[PDB]
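Q: structural data only, the sequence is not supplied:
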């Protein structure tokens, strides 16, 4: 019985990023992506919470996109504020949270929490 929760897929390459998104689309999986940087303070501070989210939601695909890593990807998705949390459903973008917002994030989470 393999049930590994609490983990987020960190794409250090576009391949993993692509691989997961295509899968999320095809498998109609709800995906939440965090565009962030490991060298970013508030971004790192909000990181355990996103992992916590993964810990309760194994049916949701969580992804870490590091903006230092995938800087060109972050530029195409137009992520200028860090971190940006994007909530998609079935691979289709629903809504995103721009910047680390502690209280408001919760409200965006509750929106999707059902």
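A: Good, I have the coordinates. Residues are numbered from 1 along each chain as shown.
Q: contacts only, for the nearest residue to residue 24 once chain neighbours are set aside.
A: Spatial nearest neighbour of residue 24, excluding adjacent residues (Cβ to Cβ, 6 or more residues apart in numbering): residue 31 at 4.1 Å. No exception for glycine: its C-beta is placed from N, CA and C like everyone else's. Going by Cβ atoms under 8 Å, 6 or more residues apart in numbering, residue 31 touches 20-21, 24, 60-63, 88-89, 91.
Q: okay, and the beta partners of residue 31?
A: Counting by DSSP bridges, residue 31 forms beta bridges with residue 61.
Q: ok, residue 89 next?
A: Beta bridges link residue 89 to residue 92 when assigned by DSSP bridges.
Q: check whether it really touches residue 30, as I assumed.
A: Yes: using Cβ atoms under 8 Å, residue 89 is in contact with residue 30, at 4.8 Å.
Q: those two - which one has more neighbours?
A: Taking neighbours as other Cβ atoms under 10 Å, residue 89 and residue 30 compare with residue 30 leading, 19 against 16.
Q: go ahead and confirm the more buried one touches residue 62.
A: No: assessed by Cβ under 8 Å, residue 30 is found out of contact with residue 62, at 9.9 Å.
Q: please enumerate the helices of this structure.
A: With DSSP state H, the ranges of helices along the chain come out as 14-26, 41-56, 71-76, 102-112.
Q: turn these into a markdown table, including mean neighbour count and distance to residue 5.
A: Output for those, formatted as a markdown table (neighbours: other Cβ atoms under 10 Å; distance: least, Cβ to Cβ, whole Å):
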| stretch | mean neighbour count | distance to residue 5 |
| --- | --- | --- |
| helix 14-26 | 15 | 16 |
| helix 41-56 | 16 | 5 |
| helix 71-76 | 13 | 26 |
| helix 102-112 | 12 | 17 |
